[PDB]
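Undergrad:
4 protein chains.
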Amino acid sequence: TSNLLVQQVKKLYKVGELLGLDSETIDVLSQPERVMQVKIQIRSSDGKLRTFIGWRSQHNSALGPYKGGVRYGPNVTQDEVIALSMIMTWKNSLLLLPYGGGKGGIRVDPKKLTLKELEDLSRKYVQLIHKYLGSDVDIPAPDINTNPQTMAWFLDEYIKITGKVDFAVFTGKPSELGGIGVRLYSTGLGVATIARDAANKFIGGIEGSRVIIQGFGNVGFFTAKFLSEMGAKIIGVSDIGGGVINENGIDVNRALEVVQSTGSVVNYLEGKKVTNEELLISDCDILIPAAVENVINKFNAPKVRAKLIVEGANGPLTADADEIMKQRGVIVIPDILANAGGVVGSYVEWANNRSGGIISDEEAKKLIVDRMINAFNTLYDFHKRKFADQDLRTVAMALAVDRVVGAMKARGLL
Amino acid sequence: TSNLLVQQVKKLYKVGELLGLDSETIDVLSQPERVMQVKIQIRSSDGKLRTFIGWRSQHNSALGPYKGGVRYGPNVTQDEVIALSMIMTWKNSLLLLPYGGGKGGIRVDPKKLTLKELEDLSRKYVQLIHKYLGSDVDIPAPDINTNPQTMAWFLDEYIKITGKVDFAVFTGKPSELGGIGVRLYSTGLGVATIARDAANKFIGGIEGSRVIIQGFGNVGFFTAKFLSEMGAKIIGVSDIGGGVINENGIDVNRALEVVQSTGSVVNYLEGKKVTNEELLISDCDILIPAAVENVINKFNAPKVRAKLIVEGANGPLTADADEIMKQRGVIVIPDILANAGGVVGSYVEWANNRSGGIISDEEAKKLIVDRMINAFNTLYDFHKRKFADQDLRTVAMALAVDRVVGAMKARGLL
Amino acid sequence: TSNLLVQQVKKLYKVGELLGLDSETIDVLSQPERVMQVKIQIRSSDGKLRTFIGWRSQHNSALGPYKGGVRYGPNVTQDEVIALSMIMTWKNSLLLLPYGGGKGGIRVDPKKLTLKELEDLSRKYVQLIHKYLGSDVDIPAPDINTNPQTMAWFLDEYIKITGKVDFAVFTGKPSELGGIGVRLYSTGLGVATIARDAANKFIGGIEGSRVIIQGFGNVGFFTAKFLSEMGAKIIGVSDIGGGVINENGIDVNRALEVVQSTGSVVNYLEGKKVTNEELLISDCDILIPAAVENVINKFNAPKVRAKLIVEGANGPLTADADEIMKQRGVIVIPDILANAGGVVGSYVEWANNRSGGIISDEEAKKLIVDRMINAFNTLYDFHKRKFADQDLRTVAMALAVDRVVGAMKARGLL
Amino acid sequence: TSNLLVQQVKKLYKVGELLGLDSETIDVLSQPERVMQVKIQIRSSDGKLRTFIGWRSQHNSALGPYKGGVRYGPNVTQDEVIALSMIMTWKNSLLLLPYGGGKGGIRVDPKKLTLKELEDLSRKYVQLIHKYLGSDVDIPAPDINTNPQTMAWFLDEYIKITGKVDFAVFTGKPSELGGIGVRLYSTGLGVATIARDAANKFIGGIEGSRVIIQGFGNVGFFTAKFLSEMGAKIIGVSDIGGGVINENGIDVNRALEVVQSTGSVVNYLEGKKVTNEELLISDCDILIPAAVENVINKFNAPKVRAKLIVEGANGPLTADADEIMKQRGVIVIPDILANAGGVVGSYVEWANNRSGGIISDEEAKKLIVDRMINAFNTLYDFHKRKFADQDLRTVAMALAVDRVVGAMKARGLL
Ligand SMILES: NC(=O)c1ccc[n+]([C@@H]2O[C@H](COP(=O)([O-])OP(=O)(O)OC[C@H]3O[C@@H](n4cnc5c(N)ncnc54)[C@H](O)[C@@H]3O)[C@@H](O)[C@H]2O)c1
Ligand SMILES: NC(=O)c1ccc[n+]([C@@H]2O[C@H](COP(=O)([O-])OP(=O)(O)OC[C@H]3O[C@@H](n4cnc5c(N)ncnc54)[C@H](O)[C@@H]3O)[C@@H](O)[C@H]2O)c1
Ligand SMILES: NC(=O)c1ccc[n+]([C@@H]2O[C@H](COP(=O)([O-])OP(=O)(O)OC[C@H]3O[C@@H](n4cnc5c(N)ncnc54)[C@H](O)[C@@H]3O)[C@@H](O)[C@H]2O)c1
Ligand SMILES: NC(=O)c1ccc[n+]([C@@H]2O[C@H](COP(=O)([O-])OP(=O)(O)OC[C@H]3O[C@@H](n4cnc5c(N)ncnc54)[C@H](O)[C@@H]3O)[C@@H](O)[C@H]2O)c1
Ligand SMILES: O=C(O)CCC(=O)C(=O)O
Ligand SMILES: O=C(O)CCC(=O)C(=O)O
Ligand SMILES: O=C(O)CCC(=O)C(=O)O
Ligand SMILES: O=C(O)CCC(=O)C(=O)O
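Chains A, C, B and B' supply the protein sequences, listed in that same order. A prime marks a further copy of an entry chain. Its first residue numbered 6, the first sequence is counted upward by one per residue in the authors' numbering. Its first residue numbered 6, the second sequence is counted upward by one per residue in the authors' numbering. Its first residue numbered 6, the third sequence is counted upward by one per residue in the authors' numbering. Its first residue numbered 6, the fourth sequence is counted upward by one per residue in the authors' numbering.
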């Protein structure tokens, strides 16, 4: 139902071969433990009854309860949600979080629903799967087209159903409902932090580096903002409405005001308007896919001009694109490290909730950044000492998949 | 992963149109409420690890908890299980049972596993979905390649997990584990009873009728036994191994002894060995598909030679076949009526379990036969007055769908 | 700590060998699945704190939830409670009830506690084991020195803890708290029914038959009353205070008056006062142990003068006694049949609770009496064809054990 | 069935009398609240069915949920398991942990089972008691012949049954499954820390002190390793295969190599081979029982040559031995203090799980070591002022019991 699953299975096959895993073990890791599909009907403002389908994929729980966000979008499919859940397994393993991989999606265009409709949609999604949710079973969060407001609805419905004011069942919550202020921008803070560290290690430094970012929402906006503060030059931004290239630099806050008033960054007046396709293959130092998956494939990988790719989106490169970047000498900082700001921020939110709320937002910001940087340093050091002939995704996946396999063996599952 | 779902959805649109239901209502009905996919891995003693995928489709619960069996089979798919779960919703509604429709399947060749491997499989299937099973949630049962032994494993695992000796969570159980003796043969008793009644109504009676049955398992054997006892001549039986025709009559018990000692009824000595395709188009009075779906289609339907077809299997004739039978004046008694002796018997088992186990076996036999004759008579009489331009299948589905819709309306769901 | 467990295990290995069971299979059956020991402390009316030990033995659950009574007594031990739970398994199997074998007891002299102290004891007993009780887990009942009042306390504590008004968690309840009138006297009705039927089969009938009953409580009294009404002559009754013999017959209702006003039937004026030992070896036609276990043994079995022993008590004869009675031509009707009116009455009470209370007292009486006579008649006819070289106890045990083994095999447990 | 329970109850009445407790109060403390016995049957690799008995003793829960390990061994009995659970109560009280005393064991020779057989055993053990386990009910852990691998199986079974990924239900877990690195060696670190501190207080310090350790497993090895690093001379080690003495010192890492390659430290080439009996009475400065209970008794206590005994094992000295060591001027550091590094490490693991995993390995090490030294220093200073006429064990028990009694009084239980 989606090519992302084909890509994510192929990336797993490649690391499994490198680890010397048996074919059958790879098969177990390639398939999710449990997937739920659910029907949601809502009565719209116009009086019309509409039916939507959603999923929750629970890929792997060797290392703890399932963890991952929920996306709303008109092209969401079962296999997309499954694939996204597999990326969560690896990310959570890499960052040594006590979490397996989970993900959800509803096949809907949220831009065409009222707030009341979206609320009703959100509540019913939780209602239909809740026997397989819990703060120690499967903890959702935001993703494309969901946000702290979605999480407040999710939480309120869970409280309604279970009677338990369990803050820890959802992350990305508003800070007045048990969330943490840092989680709002923790993905982009992590992508910026990692991009800067990566640029210092690999391309001569971040200062004056020309950066193109695809997508301008929760990840893309904050990534732009923080990279701008760090002295990079943001020369390209885009969203679903298209992109803008300006070699003089984009005013990031102004661009957000353009989205707020017009609905797309493409309406930014000073710059060359471009297709998303053109934006990805335009000249830059660093390219940061921050929107959707499979945006760089066997067709455009040969035309990417960036020296350094940092993955803010989940699964923006196909398995072919991986091989092409390796052959071309383009350094790719993988999603499972680069974007882990999100889930590491959720971890702190979740642990704070379990602890009864005693972590400050300033401690939380430090905890997130430190884990991210420490993870990068571990990855770099394993790369240099054990897998110097492999790309960084391969090394990160080797660490991630090795840990999952060990835990499943200990538990008698393999 | 199957056309059986395409067929069921298409039938529902036609029936909804006939009932004057709007597109939006039909959309709700055509989508399952919840479907779970689960991964099962097993290590043989040979040492090899194998992975199997299974499903539980919970189609509709307007009228009660989900109810339906679980098939094992190497060609089982997600769409096949969803489709069979829709057939269960309608047959359950048609027979005025307090149940909605569900079904499960695992994609495995059970003939290639050891008994211990099958047990491990069956236990793990139940474990992986159990939070959405229960005696007032979803009550499984047998189907193809599963049986009382399978239900003993299901039950024992469920006891392990829940701590509760809730006999009612599964039907088709062994008598010594909360089952009822009549359930073993209730489907085939129902098929024979219905075939006799229809034969009396339409082709001059059951005595001396030449009957051909495809499949010789739980449905097919007992159908054959009861029709033998009722005066009919069984001239053809079959199974996955092929069939056997003898115009002088098959000895039904000897034939089972052939299955038992050789693995297939095709080894019966006294008759012509034939393929299944050939059995289905051989001369007879009554033809009873009792194996698998979609065995009679636009290609062999013109060649079938029977006066009366009684559907023991779920979904044995395609819509093209129904059309051709109508034109040819071949009577078809639909599965949702004819084979409902299984799920009615399961109702009696489940009710007996809930009431603490009091209902005697004889009264059980009576309750099943009465309900099924009454349903046929009701449907027969109804058809004279409304939907006279439609086949029996269409009328039966119309009543089944109408009842479901009425319950959803009452519950504020539509 | 009780010779009763040695008798039970020893009797079990003999039956296993006759059934041709592996030694390893018998090892499984000879050990309970779960046994709980609990501590109960009570602040007495004097002001003294006292500690009591109690147990719950859950022996086998192959055929259903554990079922059996709780006894209070100063000589109660862990192994007595285990042994009595094994007897429950075999009797529940024999009578084809959907129940396994359980038993409880507390090591206490209840005659030296106040009512409020006995309440506190009873409540604490249920509290400390409740996570392994339930109407589909383990359903307790009365036994020695417990009664419907005890059951009412047990129930009220279970409702307090769980918040569910689940009447089916205890049987022997008062009829205003979900009990049934017939359960008060169903044990004695069963014993009397069975004694008359055996008397008709083997000694020319009940009318004028001289009966001696040991024990005059729930089992003893009702046995006496019903045998009197059936036309037997009750020539001897006893309780823990001693016995009374009157060859002209005892007035049973008057004897109960004597017990209520003096505390022992030994104070019955018109008769010869005897020790319990003397009672058991006194001349009579029918002897009915209806007090405690192991009362007839290698020392007094040679001196018993009855034609027919009917076991009201659990385990009144030792294995040596069985051998002597066989050699002497004394017919013994084993406890697992003769006394099953209690647990069969419990079954009706439990099913009635589960059903919502449908079944009337008169239907209930009939169901119990019929199951008993049917069971005796089945056992009798069976015994002519199979195990004709063994006594009635042995053939009953053979059937009982065989059914359990079959259910365990079905469940993969053996 | 173990002399250990007699020692414990006897030691308890002495402490009670010193505390001025009523005999009736001591009766309550001397009896466990709940004890479960379970049956476990396993189909072995040969094809033979074997049955094993196991127990869970939940002794006291006044101060919190029950806490303590599970031991596998062919001499394990119900009363040994009860006695060890009492030791847990007193040590958890002494260390001011929010836990009561529990213990488990299974009567089995684990050295004669395959890994798969041990897995099956472990899983079934947890399954049969799970309704009285939970992270706030009863938290098990390792002991003799159990280890983090055992804990992983226990956990995976608990997740299977409950569907909750509750890491805090077991401690001693692998660090990838919610364990902590320091827990592997926290018992030995505690013993070594305490031995050094006592050596400094009482014998002029640890450097060059001659140490003899009985047992070379989780406690024994790490004790040896850490004392070596602290500058002690390890002159004697043993295991169930016998012992080795070398007055020049044993190479501790080499000895573990010998164990791994030969199965016993007795195969250590450079040293005099001795019986365990001989080891215990060999000349040394510090003697550390770190294997089993009751190894020093009235027969060998007169012949022990150490200045200082530090109890790594539970219950290694009998009451007679305590009296002799007191008369001889041999200082004994009791198990409830010396060995509490295990359960204090378990506490940190459990709190860390509840907190969401905040606490680092280095903070964890510090917390354990500090609580131990603080506890020893508190006990030392206390002992100068109160109970100065009693040994260290007696004063520790006095505090431990007094805290429990106070908590029970507060709860109305006493
Ligand atoms: N939110 C999180 O914490 C988080 C964490 C890790 C990774 N991610 C990944 O980051 C990516 C973006 O998530 P988000 O939270 O920023 O979502 P968002 O809904 O806040 O923003 C999505 C942005 O992408 C744009 N976009 C959508 N479809 C596009 C298309 N086809 N081409 C170009 N741009 C398009 C939108 O217009 C918008 O700017 C996704 O892959 C998501 O899985 C998100
Ligand atoms: N078991 C019930 O109570 C019940 C109730 C209603 C409907 N049904 C339906 O009846 C049919 C038979 O089920 P069953 O319970 O008797 O199954 P079963 O496993 O007991 O028997 C199946 C029989 O069909 C044969 N068969 C299998 N694949 C075949 C193929 N490709 N071609 C020909 N024969 C084949 C087998 O060899 C065997 O003889 C199925 O459609 C099932 O869903 C069963
Ligand atoms: N109550 C039931 O439903 C039921 C059912 C089946 C079997 N049983 C068995 O029947 C027997 C009696 O049970 P009950 O319910 O009548 O008990 P009960 O407490 O109602 O009466 C016990 C009677 O036995 C007497 N007794 C006690 N100890 C004695 C001794 N050592 N010697 C002589 N007499 C003694 C008492 O004085 C009293 O008369 C027990 O073995 C019990 O397990 C009871
Ligand atoms: N593991 C813990 O966290 C912990 C904590 C506190 C106390 N303890 C106690 O420490 C002792 C040892 O536990 P462990 O975890 O090290 O066990 P283990 O299974 O890791 O090692 C046991 C060691 O003792 C040896 N041994 C066994 N029986 C023996 C015998 N009869 N004579 C001599 N040596 C024998 C074995 O060969 C092995 O070297 C036990 O008393 C245990 O209850 C353990
Ligand atoms: O914060 C989370 O747990 C979910 C974020 C996410 O889904 C992601 O990392 O892509
Ligand atoms: O008896 C049942 O519940 C299952 C019956 C069924 O699945 C069927 O009718 O095909
Ligand atoms: O009625 C019951 O369940 C208990 C009866 C009993 O314990 C017994 O038969 O001895
Ligand atoms: O760490 C635990 O909980 C168990 C330790 C233990 O059993 C012991 O102290 O002997």
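Using N, Cα and C, we set each Cβ at its ideal position, and we do this for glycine too.
If you count every other CB in all the chains shown that lies within 10 Å of the CB of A229/A, and 16 or more means buried, which is it?
TA: As a first step, residue 229/A must be located in the first sequence, where it is residue number 224. Buried, since its Cβ has 16 or more Cβ neighbours within 10 Å.
Undergrad: To the nearest angstrom, how far is the alpha carbon of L9/B' from that of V81/B'?
TA: Against the fourth sequence, residue 9/B' aligns to sequence position 4. Against the fourth sequence, residue 81/B' aligns to sequence position 76. Each residue's alpha carbon lies about 11 Å from the other.
Undergrad: Can you have a look at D27/B' and say buried or exposed, based on whether 16 or more other CB atoms are within 10 angstroms of its CB?
TA: As a working note, residue 27/B' is residue 22 in the fourth sequence. Exposed, because fewer than 16 other Cβ atoms sit within 10 Å of the Cβ of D27/B'.
Undergrad: With 16 other CB atoms within 10 Å as the buried threshold, where does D290/A fall?
TA: The residue given as residue 290/A occupies position 285 in the first sequence. Classification for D290/A: buried.
Undergrad: In the DSSP assignment, what are the bridge partners of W60/C?
TA: Taking the first residue of the second sequence as 1, we reach residue 60/C at position 55. In DSSP, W60/C forms a bridge with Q42/C, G110/C.
Undergrad: Distance, Cα to Cα, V271/A vs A345/A?
TA: Looking up residue 271/A in the first sequence gives position 266. Looking up residue 345/A in the first sequence gives position 340. Distance between the alpha carbons of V271/A and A345/A: 28 Å.
Undergrad: Taking only beta-carbon atoms, is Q132/B less than 8 Å away from chain B'?
TA: For the purposes of this step, residue 132/B is taken as the residue at position 127 of the third sequence. No, its Cβ sits nowhere closer than 8 Å to a Cβ of chain B'.
Undergrad: So if I threshold CB-CB distances at 8 Å, which residues from the region 145–178 of chain B' count as touching chain C?
TA: Answer in chain order: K165, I166, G168.
Undergrad: In chain A, which residues lie less than 7 Å from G362/B' when you measure between Cβ atoms?
TA: Working through the fourth sequence from its first residue, we reach residue 362/B' at position 357. The contacting residues are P103, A356.
Undergrad: Does the Cβ-Cβ distance between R55/C and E38/A come in under 8 Å?
TA: Numbered from 1 along the second sequence, position 50 holds the residue referred to as residue 55/C. Numbered from 1 along the first sequence, position 33 holds the residue referred to as residue 38/A. Against a cut-off of 8 Å, the Cβ pair of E38/A and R55/C comes out as no contact.
Undergrad: Could you tell me whether the Cβ of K136/C comes closer than 8 Å to any Cβ of chain B'?
TA: The residue labelled residue 136/C in the question sits at position 131 within the second sequence. For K136/C, the answer is yes, since a Cβ of chain B' falls inside 8 Å of its Cβ.
Undergrad: Taking 8 Å as the threshold, find out whether the region 323–333 of chain B comes into contact with the region 153–162 of chain B through three or more Cβ pairs.
TA: At 8 Å Cβ cutoff, the stretches do not touch.
Undergrad: Could you pull the start and end residues of the beta strand (DSSP E) that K278/B belongs to?
TA: Position 273 of the third sequence holds residue 278/B. Looking at the DSSP string, the run of the beta strand (DSSP E) that includes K278/B is 277–279.
Undergrad: Compare the C-beta of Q46/C against all C-beta atoms of chain A and say whether one is closer than 8 Å.
TA: Residue 46/C sits at position 41 when you count from the first residue of the second sequence. Yes, its Cβ sits closer than 8 Å to a Cβ of chain A.
Undergrad: Is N65/A helix, strand or coil when you go by DSSP?
TA: Position 60 of the first sequence holds residue 65/A. Residue state, collapsed to three classes: strand.
Undergrad: Hey, is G69/B's beta-carbon within less than 8 Å of any beta-carbon in chain C?
TA: What you label residue 69/B is simply residue 64 of the third sequence in a count that begins at 1. So yes, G69/B belongs to the interface.
Undergrad: Hey, does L189/B' have any beta-carbon neighbour from chain A nearer than 8 Å?
TA: Taking the fourth sequence and counting its residues from 1, one reaches residue 189/B' at position 184. Taking Cβ atoms only, chain A never reaches closer than 8 Å to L189/B', which makes this a no.
Undergrad: Under the three-state reduction of DSSP, which class applies to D125/C: helix, strand or coil?
TA: In the second sequence, residue 125/C corresponds to position 120, counting from 1. Helix.
Undergrad: Comparing alpha-carbon positions, which option in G105/B, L292/B, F207/B lies nearest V349/B?
TA: The sequence position of residue 349/B within the third sequence is 344, counting from 1. Among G105/B, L292/B, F207/B, the Cα nearest to that of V349/B belongs to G105/B.
Undergrad: Is any heavy atom of ligand 3 found at a distance shorter than 7 Å from the C-beta of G168/C?
TA: Walking along the second sequence from the start, residue 168/C turns up at place 163. Checking every heavy atom of ligand 3 against the Cβ of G168/C, none is found closer than 7 Å.
Undergrad: For chain A, find out if any of its Cβ atoms is closer than 8 Å to the Cβ of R55/C; answer yes or no.
TA: Mapped onto the second sequence, residue 55/C falls at position 50. It does: the Cβ of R55/C has a partner Cβ on chain A nearer than 8 Å.
Undergrad: For chain B', is any of its Cβ atoms less than 8 Å away from the one on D375/A?
TA: Residue 375/A sits at position 370 when you count from the first residue of the first sequence. Not closer than 8 Å to any Cβ of chain B', the Cβ of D375/A fails to qualify, so no.
Undergrad: Exposed or buried, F304/A, counting other C-beta atoms within 10 Å across all chains shown (16 or more means buried)?
TA: Residue mapping note: residue 304/A aligns to position 299 of the first sequence, counting from 1. Result: exposed.
Undergrad: Against chain C, does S66/B count as a neighbour if the rule is that its beta carbon must be under 8 Å from one of theirs?
TA: Against the third sequence, residue 66/B aligns to sequence position 61. With 8 Å as the cut-off, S66/B counts as an interface residue toward chain C.
Undergrad: Let me see if you follow: with CB-CB separation under 8 Å, is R76/B close to chain B' or not?
TA: The residue you call residue 76/B lines up with position 71 of the third sequence. Chain B', which has no Cβ nearer than 8 Å to the Cβ of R76/B, makes this no.
Undergrad: For the beta strand (DSSP E) that contains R416/B', what are its first and last residues?
TA: One-based indexing of the fourth sequence puts residue 416/B' at position 411. Neither: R416/B' is in no beta strand (DSSP E) and is coded neither H nor E.
Undergrad: Please list the residues of the region 396–419 of chain B that have a C-beta atom closer than 8 Å to any C-beta atom in chain C, keeping them in chain order.
TA: So the close ones are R408, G411, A412, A415, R416, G417, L418.
Undergrad: Could you check where the alpha helix (DSSP H) with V309/B' kicks off and where it finishes?
TA: Within the fourth sequence, residue 309/B' is the residue found at index 304, counting from 1. No alpha helix (DSSP H) holds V309/B'; DSSP gives it neither H nor E.
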